[PDB]
Amino acid sequence: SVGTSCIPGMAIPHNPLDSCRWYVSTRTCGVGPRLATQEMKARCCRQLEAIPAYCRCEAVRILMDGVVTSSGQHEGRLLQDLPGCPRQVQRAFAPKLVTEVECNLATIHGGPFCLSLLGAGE
């Protein structure tokens, strides 16, 4: 249609950065499945590069606002108030992802940052 670049189910599947979601639950309220932290964070970096800089940061948005599928099903939008972790904490840790605080690995901008650029300078 317009800006539909980057394939979804292939390269950028539905429910992206799932290990990052549970990683917020543990790093914030010490809650989450029984695993290690450096291991979860490592999984986020594998999903960070697997997701090419093209449409990269977009997925994070798909998690907050949620995405729709061609079949008519919805996914993501799981960022909710967990027992001891309100949407507020997930929103504070949410950013600083593509920056040197999570899995930056450089973006399309060839620098530590994405979106929120000059403000629609196209």
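Can you give the calculated 222 nm mean residue ellipticity of the chain, where each DSSP H run of n ≥ 4 adds -39,500 (n - 2.57) and the sum is split over every residue, rounded to the nearest 500 deg cm²/dmol? It would help to have the intermediate numbers written out before the result.
On the way: 4 runs with 40 residues, N = 122.
Estimated from H runs of four or more residues: -9500 deg cm²/dmol.
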- prompt: How high is the FRET efficiency from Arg91 to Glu122, r the C-beta distance, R0 35 Å, rounded to 0.05?
  reply: 0.80
field: In order through segment 53-69: 3J(HN,Hα) via Karplus (6.51 cos²θ - 1.76 cosθ + 1.60), integer Hz, x for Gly, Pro
entry: 3, 6, 6, 3, 2, 2, 2, 3, 4, 3, 7, 6, 7, x, 10, 10, 10
- line: Neighbours of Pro8 by Cβ distance under 12 Å: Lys/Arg at +1, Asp/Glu at -1, summed charge -2
query: Taking the Cα centre of the chain as the origin, how large is its charge dipole in debye, to the nearest 20, when only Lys and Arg (+1) and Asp and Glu (-1) carry charge on their Cβ atoms?
result: 320
- request: At 7 Å along the Cα-to-beta-carbon direction for both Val31 and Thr4, put a label point, then send me their distance in nm to one decimal.
  value: 3.9
- request: Compute log10 of I(q)/I(0) for segment 30-122 with the Debye formula, placing one identical point scatterer on every Cα and leaving out solvent, at q = 0.12, 0.22, 0.23 Å⁻¹, to two decimals.
  value: -0.47, -1.34, -1.38
- prompt: Helix 37-50 sits at what angle to the longest principal axis of the chain, using alpha carbons and giving 0 to 90 degrees rounded to 10?
  reply: 10
message: Could you compute the longest span of the chain free of chymotrypsin sites (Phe, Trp or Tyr not before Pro) located in DSSP loops and having at most 15 other Cβ atoms within 10 Å, not counting the site residues?
response: 55-112
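All of the numbers you see were taken from the coordinates with simple rules; none came from a lab. Reconstructed Cβ throughout: ideal geometry from the backbone, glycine too, with neighbour counts over all protein chains shown.
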